Structure formats: structure tokens, C-alpha cells
Amino acid sequence: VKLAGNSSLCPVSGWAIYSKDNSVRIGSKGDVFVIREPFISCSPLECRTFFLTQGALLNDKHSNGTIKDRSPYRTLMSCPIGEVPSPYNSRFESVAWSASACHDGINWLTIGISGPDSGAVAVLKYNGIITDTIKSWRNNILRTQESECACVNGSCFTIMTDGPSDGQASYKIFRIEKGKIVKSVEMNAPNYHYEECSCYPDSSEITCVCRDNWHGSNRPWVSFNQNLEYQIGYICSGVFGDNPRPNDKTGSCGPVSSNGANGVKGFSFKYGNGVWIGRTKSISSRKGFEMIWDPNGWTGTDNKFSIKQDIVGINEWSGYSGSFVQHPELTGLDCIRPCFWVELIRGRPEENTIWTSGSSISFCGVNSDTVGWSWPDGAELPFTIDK
Amino acid sequence: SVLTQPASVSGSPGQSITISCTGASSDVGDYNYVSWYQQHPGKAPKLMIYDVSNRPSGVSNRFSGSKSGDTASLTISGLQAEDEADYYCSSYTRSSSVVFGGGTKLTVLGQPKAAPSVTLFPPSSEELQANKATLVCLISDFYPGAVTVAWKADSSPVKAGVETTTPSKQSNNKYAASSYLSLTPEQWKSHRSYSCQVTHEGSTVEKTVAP
Ligand SMILES: [Ca+2]
Ligand SMILES: [Ca+2]
């Protein structure tokens with residue numbers, strides 16, 4: 001039955017580890033896809049790990065030059081959580097170098113973006129059947145969340161961006177029903193920049209935390225209801241969430257230009273005026289990961305926070321991060337619980353290899369005892385194909 | 001997009017001087033990737049200023065940069081003799097991905113004047129036997145390197161067959177230049193004499209040869 005989604009976020013006081021696939025480590029021997037931009041999404045029965053393959057396997061010559069994010073060989077595929085993304089356990093979803101996927105409660109909705117940079121087309125599938133398409137309206141690379149979309153009452157929503165990555169672009173909100181685009185609104189957000197949003201439903205509405213790649217070291221956000229009436233803004237906290245960023249300082253409810261140039265996909269959970277912030281430990285590179293609870297960070301500009309939980313050591317590689325929820329239909333709780341995943345990028349550009357890939361770890365919020373630690377990728381690089 | 005720069009600026013030792021890039025500041029929410037370069041003759045440019053007010057390690061703190069509106073400025077305090085070189089500004093824009101300015105030649109004044117030592121040679125007998133003739137006028141040890149040459153034959157100015165080089169700095173910080181007059185052996189011995197007049201800072205030195 002449909003996913004109602006009228007519950008508020010469960011209040012959390014920590015993060016318990018949910019999955020770790022150890023892909024790249026197992027990829028040294030087994031047959032494992034070279035992947036990047038992974039994300040988790042759950043149905044009322046199970047949870048799955050979606051990812052964008054490169055049409056190639058680790059330790060194979062076809063993994064050469066797989067920095068390039070866009071090629072006719074990348075495909076959106078999925079496998080159970082904590083499992084290695086192998087061709088023997090992965091289900092095919094769509095041909096895409098930019099993707100998004102969510103479950104409305106009756107069928108998997110998948111959004112696959114492929115085509116040329118000037119004519120990219122997003123293929124929408126509902127139960128693997130093509131139900132709609134949408135073409136790039138600004139002829140500059142069309143891209144989407146790279147995380148799960150958010151479904152409420154039977155309608156699923158997502159964010160897409162069309163235009164420059166180093167300047168003002170165009171951002172649209174969509175409301176999909178059974179894979180059919182039924183309403184869209186272009187956001188009136190001058191001087192804002194939205195990319196790779198992490199959207200979660202919260203009491204019949206949706207709030208996306210996104211990445212400002214143009215002039216932002218804090219994270220932009222947009223919240224909307226089913227009629228797609230929206231509100232925009234930036235996380236005001238002085239605990240900056242993007243990477244790169246400046247040191248923790250006085251924040252702003254607008255874009256922070258200092259280290260405002262290109263960033264990393266991230267997430268955040270708003271609780272009143274508090275915010276759970278997931279970010280890298282390093283200020284310059286994609287190293288380490290931590291969760292920070294700022295009780296007034298959503299509307300206040302100071303740098304003070306009360307809780308910090310270590311996720312990945314400051315010395316070890318991290319990458320994309322995104323939110324994913326577990327609805328009461330799945331958990332039996334009375335509120336929609338928040339969780340999140342972390343991509344662990346290995347190889348190029350930071351390491352001496354011919355390839356770039358990533359593994360994943362995931363945590364779910366609980367109101368009970370937790371602990372901070374480091375759950376890194378753990379692969380010993382370079383691999384045999386890099387010699 | 002074009003970055004405009006003063007063609008020449010001049011100052012004395014101890015004086016401060018400001019060059020001014022007056023090009024890219026565009027595209028309001030985009031950033032400013034503005035940078036400055038110093039280039040001595042025969043050597044590669046040296047990054048003095050980037051990111052407009054930032055300065056890399058090893059560069060003297062006498063150099064500083066600023067920008068206001070569409071004009072960037074490079075300020076050099078306490079002018080030294082080694083600062084005499086060419087200066088360029090640069091900028092990254094979405095439209096054009098870098099634009100080096102036209103350039104500014106910085107001159108450090110105070111140096112004494114020097115009249116040119118001119119030597120004029122008639123054509124060799126060995127060249128005339130090959131039915132060719134060339135007059136060699138050689139200009140040496142003049143300061144600064146600005147000069148113009150006029151050829152004549154019996155008080156009559158001649159323009160045909162004049163090839164004059166651009167001035168070049170010697171190893172002693174003075175300049176040199178040469179001029180060549182091509183003639184047929186008839187034009188050489190039919191005229192009474194030939195003269196090479198080298199006018200430098202209004203003062204003209206002259207030399208004359210004859211067959
Ligand atoms: Ca950024
Ligand atoms: Ca605070």
C-alpha cells in the first residue's frame with residue numbers, strides 16, 4: 001500500500017552503523033563493478049544500494065581513465081545493502097551517468113539521465129517500465145540528486161539542475177506519480193546554486209539539503225509541499241558543511257563565498273532550528289567524516305555545537321554522502337527514521353592508479369547508546385592493474 | 001575580453017609606482033582570478049601577484065595588488081633598479097579563459113645620459129668586385145635605447161635600401177643598434193660622399209665616408 005509519509009522525523013541522539021560492503025577490498029580479487037555515486041533507498045519491505053557503474057570491473061583494463069563521470073557505458077544498477085556491486089548480484093535499472101531512485105510504496109521509481117551534454121534526457125521508469133522522459137532545458141549538463149528521492153502519499157519528488165557548475169544555473173522541482181511527471185516548478189533563486197540534493201520527507205513535506213558548487217561553503221536547502229510551493233535558504237550554522245570550506249567561523253543564512261568554489265554532495269537533518277550535519281573532517285580534501293549536532297545551527301550563525309560523532313578517520317578517504325529514510329511502513333515505528341550513507345572514493349585523482357571507484361558505509365539514527373569510530377574503505381592501493 | 005595596460009610607466013629609486021589593469025571584473029557572482037607577472041629580458045615571466053591581493057612566497061612585500069570596479073592595480077613601493085622589467089596582468093573569465101594584458105614597460109629613472117659612439121664603414125673592394133655595395137653604420141654606447149638614423153649622399157636624403165635594427169641592451173646596461181644602406185657600385189662612386197647621421201636625444205652625431 002502507498003507510503004503515507006505524514007510522520008515527522010524521529011528525534012535522534014546518535015548513529016548506529018547499518019552496512020559496510022567492502023567493495024574495493026573484495027574488488028581486488030572478485031568481479032566487482034567500478035562504481036561511483038552510490039546511494040541507499042528503501043521500500044516498505046527491503047533496502048537496496050543503487051549505484052552508477054562504469055560498464056567495467058575493478059582490476060580490469062576497461063577501468064582505465066574512469067574519472068570521467070559521463071560516458072555511454074555508465075548504467076544505474078542496484079543490489080542488496082552491504083553486498084558488493086557485482087554483475088552476479090546486481091539488478092539493472094537504467095542507462096545513466098546521473099540517477100535518482102525511490103519507492104512510493106508499490107513500485108521502484110528510477111530516474112536515469114543519459115545522452116549528450118547539450119541534449120541529456122532523463123528516462124523515468126516505474127516498475128522498470130519507461131513511464132516518462134524529460135529533456136535538458138538549458139543544454140548544459142542535466143543532473144539530479146545522485147541520492148534517493150522522497151515520496152509522500154503516493155507522489156515522489158526530486159530536484160534536477162541544468163546549466164553551469166561554476167555559475168548561476170537552473171533548478172527545477174518535480175512531482176512524479178507512478179513514474180509520470182505531473183507538475184514542475186523552476187526555482188526563483190538568484191545567487192543560489194543547487195546540485196546533488198539529499199531530499200527526505202518530513203511530515204507530509206520535503207526538505208532537500210544540497211551542494212553549492214558555485215560560491216558556497218555552506219549548504220543550500222529547499223523545502224516544499226505537494227503543490228510544490230517552496231522556500232529556499234542556506235544553513236546558517238557556522239559549522240560549515242561543504243568541502244572545501246573555511247575553518248569554523250561566523251556563518252550566514254546566505255551563501256558563504258569563502259572557499260565557496262566547488263564542493264561535495266552532502267546532507268543534513270533539520271530538527272526545529274537544530275541540525276545534524278554530516279561533513280568531511282578535512283577542510284581541503286575529501287578525508288574523514290563526522291556527524292555534528294548543532295541545536296541552533298539551522299537558523300543561527302555561531303560555530304558552537306554540542307555533539308560530534310566520528311565516522312571516518314581524518315586520514316582516510318571519504319566522498320559523497322546522502323540521506324535516506326526508513327518509513328513507518330517498513331520499521332513499524334510511529335515516525336520516519338533518518339539514516340545516511342557515505343561514499344569512500346578511492347584512486348584518482350588523489351591516488352596513483354588508473355581508475356576511480358568507491359565503497360559505501362551507512363548509519364541509521366537511534367535514540368540509544370552509540371560510539372564514534374573509523375570505518376574506512378581499507379583497500380591497499382595501487383592494484384595489480386595499475387603497475 | 002581585453003585587459004588594457006599603460007604602455008610605459010617610469011619612476012625613480014625610492015619612488016612608489018602603480019600600474020593599472022583596466023579589464024576583467026565581470027560576472028557578478030563569479031570570482032576574480034586576477035594575477036600579475038614580471039618579466040626581465042630573455043627570461044620567463046615570474047608570478048608576483050595572484051588572487052588579487054595574494055603574493056607567493058619569495059616575492060618581496062614591496063609588491064601588492066588591489067582591485068576596484070573593473071580596474072586592478074599593481075603597487076610597487078620603494079622602487080629599485082632591478083624592478084625595471086615588463087609587467088603583465090591576467091584574469092580568468094567564463095567567456096575567455098585567460099587574458100594577458102598588453103604589458104607595461106617599467107623604467108627606473110635617474111641614470112646618466114650617454115651620446116652614441118658611431119662608426120661608419122665604406123664598402124670593401126672585395127664587395128664591389130662582386131658588383132654589390134653596402135654601407136655599415138654602427139651605433140654603440142647610448143643611454144637610453146632610443147635612436148633614429150638618417151642616411152644622406154651629398155646633403156640629399158636617401159630612403160632606398162635602408163635596413164635599421166632595433167636597439168638592444170649591451171652587457172654594460174647601455175644600448176646598441178646598426179643601420180645598413182644598400183647601393184649599386186654605380187651609386188657609390190658616382191656621388192661625392194655618404195653620411196650616416198645618428199640623432200640621439202636631439203643631439204646628432206655624424207660620420208662620412210667617400211670613395
Ligand atoms: Ca562549494
Ligand atoms: Ca550553534
# chains A, B, ... in the order shown; residues from 1 in each chain; ligands from 1

call {"tool": "interface_residues", "arguments": {"of": "chain B", "to": "chain A", "cutoff": "12 Å", "atoms": "only C-alpha atoms", "output": "ChimeraX atom specification"}}
result
/B:27-32,93-95

call {"tool": "write_last_selection", "arguments": {"atoms": "N, CA, C and O atoms", "output": "mmCIF file, in the first residue's frame"}}
result
data_model
loop_
_atom_site.group_PDB
_atom_site.id
_atom_site.type_symbol
_atom_site.label_atom_id
_atom_site.label_comp_id
_atom_site.auth_asym_id
_atom_site.auth_seq_id
_atom_site.Cartn_x
_atom_site.Cartn_y
_atom_site.Cartn_z
ATOM 1 N N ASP B 27 30.741 39.627 -14.305
ATOM 2 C CA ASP B 27 30.065 38.364 -13.969
ATOM 3 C C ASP B 27 29.886 38.099 -12.470
ATOM 4 O O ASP B 27 30.383 37.132 -11.899
ATOM 5 N N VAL B 28 29.051 38.952 -11.884
ATOM 6 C CA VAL B 28 28.958 39.427 -10.510
ATOM 7 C C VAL B 28 29.163 38.334 -9.467
ATOM 8 O O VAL B 28 29.786 38.577 -8.426
ATOM 9 N N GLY B 29 28.586 37.162 -9.669
ATOM 10 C CA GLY B 29 28.693 36.165 -8.627
ATOM 11 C C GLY B 29 29.908 35.287 -8.852
ATOM 12 O O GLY B 29 30.357 34.606 -7.927
ATOM 13 N N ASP B 30 30.443 35.281 -10.073
ATOM 14 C CA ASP B 30 31.754 34.692 -10.340
ATOM 15 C C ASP B 30 32.854 35.401 -9.544
ATOM 16 O O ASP B 30 32.712 36.546 -9.113
ATOM 17 N N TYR B 31 33.969 34.691 -9.352
ATOM 18 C CA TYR B 31 35.086 35.171 -8.551
ATOM 19 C C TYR B 31 36.080 35.940 -9.425
ATOM 20 O O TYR B 31 35.868 36.144 -10.622
ATOM 21 N N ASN B 32 37.184 36.382 -8.817
ATOM 22 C CA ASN B 32 38.215 37.163 -9.502
ATOM 23 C C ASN B 32 39.539 36.404 -9.459
ATOM 24 O O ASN B 32 40.238 36.414 -8.440
ATOM 25 N N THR B 93 38.046 34.352 -16.926
ATOM 26 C CA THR B 93 36.621 34.608 -17.059
ATOM 27 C C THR B 93 35.960 33.378 -17.670
ATOM 28 O O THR B 93 36.616 32.558 -18.316
ATOM 29 N N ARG B 94 34.653 33.230 -17.432
ATOM 30 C CA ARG B 94 33.903 32.194 -18.137
ATOM 31 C C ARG B 94 33.965 32.395 -19.648
ATOM 32 O O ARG B 94 34.164 31.432 -20.400
ATOM 33 N N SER B 95 33.804 33.641 -20.109
ATOM 34 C CA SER B 95 33.830 33.927 -21.541
ATOM 35 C C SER B 95 35.178 33.565 -22.165
ATOM 36 O O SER B 95 35.254 32.699 -23.043
#

call {"tool": "select_by_dssp", "arguments": {"residues": "range 11-186 of chain B", "states": "strand (DSSP E or B)", "output": "number ranges by chain"}}
result
B: 11, 17-21, 33-39, 46-50, 54, 63-68, 71-76, 86-92, 104-108, 114, 117-121, 133-143, 148-153, 156-158, 162-164, 168-169, 175-183

call {"tool": "write_last_selection", "arguments": {"atoms": "C-alpha atoms", "output": "PDB file, in the first residue's frame"}}
result
ATOM      1  CA  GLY B  11      59.728  56.190 -11.634  1.00  0.00           C
ATOM      2  CA  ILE B  17      54.616  53.360  -8.676  1.00  0.00           C
ATOM      3  CA  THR B  18      51.229  51.900  -9.599  1.00  0.00           C
ATOM      4  CA  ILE B  19      50.391  50.044 -12.795  1.00  0.00           C
ATOM      5  CA  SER B  20      46.709  49.502 -13.566  1.00  0.00           C
ATOM      6  CA  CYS B  21      44.946  46.656 -15.317  1.00  0.00           C
ATOM      7  CA  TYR B  33      41.161  35.047 -10.700  1.00  0.00           C
ATOM      8  CA  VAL B  34      43.432  38.051 -11.297  1.00  0.00           C
ATOM      9  CA  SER B  35      47.213  37.716 -11.362  1.00  0.00           C
ATOM     10  CA  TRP B  36      50.348  39.711 -12.191  1.00  0.00           C
ATOM     11  CA  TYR B  37      53.663  38.782 -13.805  1.00  0.00           C
ATOM     12  CA  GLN B  38      57.150  40.294 -14.013  1.00  0.00           C
ATOM     13  CA  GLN B  39      59.397  39.515 -16.991  1.00  0.00           C
ATOM     14  CA  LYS B  46      57.603  35.456 -12.838  1.00  0.00           C
ATOM     15  CA  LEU B  47      54.349  35.316 -10.872  1.00  0.00           C
ATOM     16  CA  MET B  48      54.357  38.293  -8.494  1.00  0.00           C
ATOM     17  CA  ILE B  49      50.647  38.620  -7.600  1.00  0.00           C
ATOM     18  CA  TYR B  50      47.657  36.255  -7.846  1.00  0.00           C
ATOM     19  CA  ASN B  54      47.731  37.479  -2.506  1.00  0.00           C
ATOM     20  CA  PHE B  63      54.692  44.420  -4.423  1.00  0.00           C
ATOM     21  CA  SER B  64      50.969  44.489  -3.664  1.00  0.00           C
ATOM     22  CA  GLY B  65      47.754  44.190  -5.627  1.00  0.00           C
ATOM     23  CA  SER B  66      44.258  45.654  -5.403  1.00  0.00           C
ATOM     24  CA  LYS B  67      41.079  45.952  -7.447  1.00  0.00           C
ATOM     25  CA  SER B  68      38.184  48.422  -7.507  1.00  0.00           C
ATOM     26  CA  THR B  71      40.310  48.164 -12.676  1.00  0.00           C
ATOM     27  CA  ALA B  72      43.052  46.169 -10.948  1.00  0.00           C
ATOM     28  CA  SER B  73      46.257  47.819  -9.764  1.00  0.00           C
ATOM     29  CA  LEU B  74      49.790  46.621  -9.005  1.00  0.00           C
ATOM     30  CA  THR B  75      51.586  48.856  -6.496  1.00  0.00           C
ATOM     31  CA  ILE B  76      55.383  48.677  -6.190  1.00  0.00           C
ATOM     32  CA  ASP B  86      57.892  44.276 -18.231  1.00  0.00           C
ATOM     33  CA  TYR B  87      54.702  43.720 -16.231  1.00  0.00           C
ATOM     34  CA  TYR B  88      51.546  41.878 -17.298  1.00  0.00           C
ATOM     35  CA  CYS B  89      48.152  41.283 -15.708  1.00  0.00           C
ATOM     36  CA  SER B  90      45.928  38.247 -16.239  1.00  0.00           C
ATOM     37  CA  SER B  91      42.373  37.198 -15.443  1.00  0.00           C
ATOM     38  CA  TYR B  92      40.168  34.108 -15.778  1.00  0.00           C
ATOM     39  CA  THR B 104      53.728  47.767 -19.165  1.00  0.00           C
ATOM     40  CA  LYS B 105      57.432  48.583 -19.509  1.00  0.00           C
ATOM     41  CA  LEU B 106      58.659  49.964 -16.176  1.00  0.00           C
ATOM     42  CA  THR B 107      61.654  52.315 -16.400  1.00  0.00           C
ATOM     43  CA  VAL B 108      63.758  53.268 -13.368  1.00  0.00           C
ATOM     44  CA  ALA B 114      75.251  58.844 -22.983  1.00  0.00           C
ATOM     45  CA  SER B 117      79.693  56.249 -30.494  1.00  0.00           C
ATOM     46  CA  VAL B 118      79.163  55.934 -34.259  1.00  0.00           C
ATOM     47  CA  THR B 119      81.442  54.135 -36.726  1.00  0.00           C
ATOM     48  CA  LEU B 120      80.782  54.201 -40.484  1.00  0.00           C
ATOM     49  CA  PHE B 121      82.404  51.841 -42.996  1.00  0.00           C
ATOM     50  CA  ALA B 133      77.826  47.691 -52.139  1.00  0.00           C
ATOM     51  CA  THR B 134      76.710  48.024 -48.519  1.00  0.00           C
ATOM     52  CA  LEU B 135      77.331  50.841 -46.038  1.00  0.00           C
ATOM     53  CA  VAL B 136      77.690  49.804 -42.389  1.00  0.00           C
ATOM     54  CA  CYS B 137      76.780  52.362 -39.703  1.00  0.00           C
ATOM     55  CA  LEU B 138      77.314  51.100 -36.155  1.00  0.00           C
ATOM     56  CA  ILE B 139      75.814  52.804 -33.088  1.00  0.00           C
ATOM     57  CA  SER B 140      77.254  51.967 -29.669  1.00  0.00           C
ATOM     58  CA  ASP B 141      77.044  53.056 -26.024  1.00  0.00           C
ATOM     59  CA  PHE B 142      73.964  55.279 -25.903  1.00  0.00           C
ATOM     60  CA  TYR B 143      71.551  55.603 -22.979  1.00  0.00           C
ATOM     61  CA  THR B 148      66.749  57.140 -35.172  1.00  0.00           C
ATOM     62  CA  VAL B 149      69.028  57.057 -38.214  1.00  0.00           C
ATOM     63  CA  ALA B 150      69.006  59.093 -41.430  1.00  0.00           C
ATOM     64  CA  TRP B 151      71.200  58.408 -44.464  1.00  0.00           C
ATOM     65  CA  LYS B 152      72.346  61.030 -46.961  1.00  0.00           C
ATOM     66  CA  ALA B 153      74.522  61.394 -50.057  1.00  0.00           C
ATOM     67  CA  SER B 156      70.480  64.781 -50.220  1.00  0.00           C
ATOM     68  CA  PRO B 157      68.403  62.438 -48.020  1.00  0.00           C
ATOM     69  CA  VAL B 158      68.069  58.857 -49.263  1.00  0.00           C
ATOM     70  CA  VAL B 162      67.898  51.289 -45.565  1.00  0.00           C
ATOM     71  CA  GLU B 163      67.716  48.435 -43.040  1.00  0.00           C
ATOM     72  CA  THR B 164      67.973  49.524 -39.396  1.00  0.00           C
ATOM     73  CA  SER B 168      69.459  46.170 -27.789  1.00  0.00           C
ATOM     74  CA  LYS B 169      70.925  46.337 -24.291  1.00  0.00           C
ATOM     75  CA  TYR B 175      72.279  50.058 -25.872  1.00  0.00           C
ATOM     76  CA  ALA B 176      73.448  49.385 -29.422  1.00  0.00           C
ATOM     77  CA  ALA B 177      71.984  49.457 -32.925  1.00  0.00           C
ATOM     78  CA  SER B 178      73.122  49.189 -36.532  1.00  0.00           C
ATOM     79  CA  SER B 179      71.911  50.517 -39.881  1.00  0.00           C
ATOM     80  CA  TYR B 180      72.703  49.248 -43.380  1.00  0.00           C
ATOM     81  CA  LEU B 181      72.482  51.130 -46.687  1.00  0.00           C
ATOM     82  CA  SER B 182      72.453  49.012 -49.844  1.00  0.00           C
ATOM     83  CA  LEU B 183      73.745  50.541 -53.071  1.00  0.00           C
TER      84      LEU B 183
END

call {"tool": "residues_near_ligand", "arguments": {"ligand": "ligand 1", "cutoff": "7 Å", "atoms": "only C-alpha atoms and all ligand atoms", "output": "list in words"}}
result
residues 211, 212, 213, 214, 215, 216, 217, 242, 243, 244, 259, 260, 261, 262, 263 and 264 of chain A

call {"tool": "closest_atom_pairs", "arguments": {"of": "chain A", "to": "ligand 2", "cutoff": "9 Å", "atoms": "only C-alpha atoms and all ligand atoms", "output": "tab-separated table"}}
result
residue	atom	partner	partner_atom_place_in_ligand_line	distance
A:237	CA	ligand 2	1 (Ca)	6.3
A:238	CA	ligand 2	1 (Ca)	7.1
A:239	CA	ligand 2	1 (Ca)	7.8
A:274	CA	ligand 2	1 (Ca)	8.2
A:293	CA	ligand 2	1 (Ca)	8.7
A:294	CA	ligand 2	1 (Ca)	5.1
A:295	CA	ligand 2	1 (Ca)	6.0
A:296	CA	ligand 2	1 (Ca)	4.9
A:297	CA	ligand 2	1 (Ca)	4.8
A:298	CA	ligand 2	1 (Ca)	8.5
A:299	CA	ligand 2	1 (Ca)	8.9
A:300	CA	ligand 2	1 (Ca)	6.3
A:301	CA	ligand 2	1 (Ca)	6.9
A:302	CA	ligand 2	1 (Ca)	5.0
A:303	CA	ligand 2	1 (Ca)	5.3
A:304	CA	ligand 2	1 (Ca)	4.0
A:305	CA	ligand 2	1 (Ca)	4.9
A:306	CA	ligand 2	1 (Ca)	7.8

call {"tool": "write_last_selection", "arguments": {"atoms": "N, CA and C atoms", "output": "compact mmCIF listing (two decimals), in the first residue's frame"}}
result
# COMPACT_ATOMS: atom_id res chain seq x y z
N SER A 237 24.40 27.81 10.09
CA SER A 237 25.37 27.43 11.11
C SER A 237 26.78 27.82 10.70
N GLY A 238 27.57 28.25 11.69
CA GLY A 238 28.98 28.48 11.47
C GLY A 238 29.79 27.21 11.33
N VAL A 239 29.19 26.06 11.61
CA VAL A 239 29.82 24.78 11.32
C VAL A 239 29.55 24.47 9.85
N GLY A 274 17.58 23.15 15.17
CA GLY A 274 18.77 22.33 15.21
C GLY A 274 19.02 21.61 13.90
N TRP A 293 25.89 17.64 15.81
CA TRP A 293 24.58 18.11 16.21
C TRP A 293 24.71 19.56 16.69
N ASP A 294 24.15 20.49 15.92
CA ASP A 294 24.11 21.89 16.29
C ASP A 294 22.68 22.25 16.68
N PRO A 295 22.40 22.49 17.96
CA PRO A 295 21.00 22.66 18.39
C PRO A 295 20.34 23.94 17.87
N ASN A 296 21.11 24.92 17.40
CA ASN A 296 20.56 26.13 16.80
C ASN A 296 21.19 26.42 15.44
N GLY A 297 21.81 25.42 14.81
CA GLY A 297 22.56 25.65 13.59
C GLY A 297 21.72 25.96 12.36
N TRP A 298 20.44 25.60 12.37
CA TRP A 298 19.62 25.80 11.18
C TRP A 298 19.30 27.27 10.96
N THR A 299 19.11 28.03 12.04
CA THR A 299 18.79 29.45 11.94
C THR A 299 19.82 30.37 12.58
N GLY A 300 20.82 29.83 13.28
CA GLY A 300 21.82 30.65 13.94
C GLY A 300 23.17 30.57 13.26
N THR A 301 23.99 31.60 13.42
CA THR A 301 25.24 31.74 12.68
C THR A 301 26.49 31.48 13.51
N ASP A 302 26.36 31.11 14.78
CA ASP A 302 27.54 30.84 15.57
C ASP A 302 28.12 29.47 15.21
N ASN A 303 29.35 29.23 15.66
CA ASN A 303 30.07 27.99 15.37
C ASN A 303 30.01 26.98 16.50
N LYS A 304 29.19 27.22 17.52
CA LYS A 304 29.11 26.32 18.66
C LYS A 304 28.21 25.13 18.35
N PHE A 305 28.65 23.94 18.74
CA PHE A 305 27.85 22.73 18.63
C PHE A 305 28.04 21.91 19.90
N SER A 306 27.11 20.99 20.14
CA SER A 306 27.09 20.24 21.39
C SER A 306 27.48 18.78 21.26

call {"tool": "atom_distance", "arguments": {"atom1": "CA of residue 378 in chain A", "atom2": "CA of residue 353 in chain A"}}
result
15.5 Å

call {"tool": "residues_around", "arguments": {"residues": "range 33-37 of chain A", "least_positions_apart": "5", "cutoff": "10 Å", "atoms": "only C-alpha atoms", "output": "number ranges by chain"}}
result
A: 23-24, 27, 50-60, 62-63, 66-67, 69, 74-77, 84-87, 90, 97-99, 145-147, 265, 319-322, 342-346, 355-360

call {"tool": "closest_residue", "arguments": {"among": "A:43, A:384, A:309, A:227", "to": "residue 173 in chain A", "atoms": "only C-alpha atoms"}}
result
A:227

call {"tool": "closest_residue", "arguments": {"among": "B:201, B:155, B:123, B:130", "to": "residue 188 in chain B", "atoms": "only C-alpha atoms"}}
result
B:123

call {"tool": "residues_around", "arguments": {"residues": "range 283-290 of chain A", "least_positions_apart": "4", "cutoff": "8 Å", "atoms": "only C-alpha atoms", "output": "PDB file with C-alpha atoms, in the first residue's frame"}}
result
ATOM      1  CA  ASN A 243      34.057  20.504   1.263  1.00  0.00           C
ATOM      2  CA  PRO A 244      36.154  22.564   0.694  1.00  0.00           C
ATOM      3  CA  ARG A 245      35.128  25.191   3.250  1.00  0.00           C
ATOM      4  CA  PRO A 246      36.797  27.635   5.650  1.00  0.00           C
ATOM      5  CA  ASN A 247      37.512  26.914   9.304  1.00  0.00           C
ATOM      6  CA  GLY A 278      27.420  15.298   8.130  1.00  0.00           C
ATOM      7  CA  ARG A 279      30.682  16.568   6.702  1.00  0.00           C
ATOM      8  CA  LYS A 308      30.151  15.260  17.478  1.00  0.00           C
ATOM      9  CA  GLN A 309      30.430  11.596  16.467  1.00  0.00           C
ATOM     10  CA  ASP A 310      33.374  10.292  14.456  1.00  0.00           C
ATOM     11  CA  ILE A 311      32.577   8.236  11.348  1.00  0.00           C
ATOM     12  CA  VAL A 312      35.769   8.052   9.253  1.00  0.00           C
ATOM     13  CA  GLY A 313      39.250   8.966  10.434  1.00  0.00           C
ATOM     14  CA  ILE A 314      40.614  12.314   9.284  1.00  0.00           C
ATOM     15  CA  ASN A 315      43.460  10.494   7.497  1.00  0.00           C
ATOM     16  CA  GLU A 316      41.312   8.162   5.362  1.00  0.00           C
ATOM     17  CA  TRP A 317      39.433   8.802   2.138  1.00  0.00           C
ATOM     18  CA  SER A 318      35.779   9.867   2.154  1.00  0.00           C
ATOM     19  CA  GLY A 319      33.458  11.209  -0.544  1.00  0.00           C
TER      20      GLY A 319
END

call {"tool": "residues_around", "arguments": {"residues": "residue 103 in chain A", "least_positions_apart": "3", "cutoff": "7 Å", "atoms": "only C-alpha atoms", "output": "list in words"}}
result
residues 42, 43, 106, 107, 108, 109 and 151 of chain A

call {"tool": "closest_residue", "arguments": {"among": "A:256, A:111, A:150, A:339", "to": "residue 223 in chain A", "atoms": "only C-alpha atoms"}}
result
A:150

call {"tool": "closest_atom_pairs", "arguments": {"of": "range 31-74 of chain A", "to": "range 361-374 of chain A", "cutoff": "12 Å", "atoms": "only C-alpha atoms", "output": "JSON lines"}}
result
{"residue": "A:38", "atom": "CA", "partner": "A:361", "partner_atom": "CA", "distance": 10.1}
{"residue": "A:39", "atom": "CA", "partner": "A:362", "partner_atom": "CA", "distance": 9.4}
{"residue": "A:40", "atom": "CA", "partner": "A:362", "partner_atom": "CA", "distance": 8.4}
{"residue": "A:41", "atom": "CA", "partner": "A:362", "partner_atom": "CA", "distance": 11.4}
{"residue": "A:47", "atom": "CA", "partner": "A:362", "partner_atom": "CA", "distance": 11.6}
{"residue": "A:48", "atom": "CA", "partner": "A:362", "partner_atom": "CA", "distance": 11.7}
{"residue": "A:49", "atom": "CA", "partner": "A:362", "partner_atom": "CA", "distance": 10.3}

call {"tool": "write_last_selection", "arguments": {"atoms": "C-alpha atoms", "output": "tab-separated table (two decimals), in the first residue's frame"}}
result
chain	number	residue	atom	x	y	z
A	38	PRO	CA	26.20	5.16	-4.65
A	39	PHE	CA	23.09	5.67	-2.57
A	40	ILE	CA	20.61	3.68	-0.49
A	41	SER	CA	16.83	3.69	-0.86
A	47	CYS	CA	16.55	-1.62	1.38
A	48	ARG	CA	18.77	-1.53	-1.70
A	49	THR	CA	22.02	0.14	-2.76
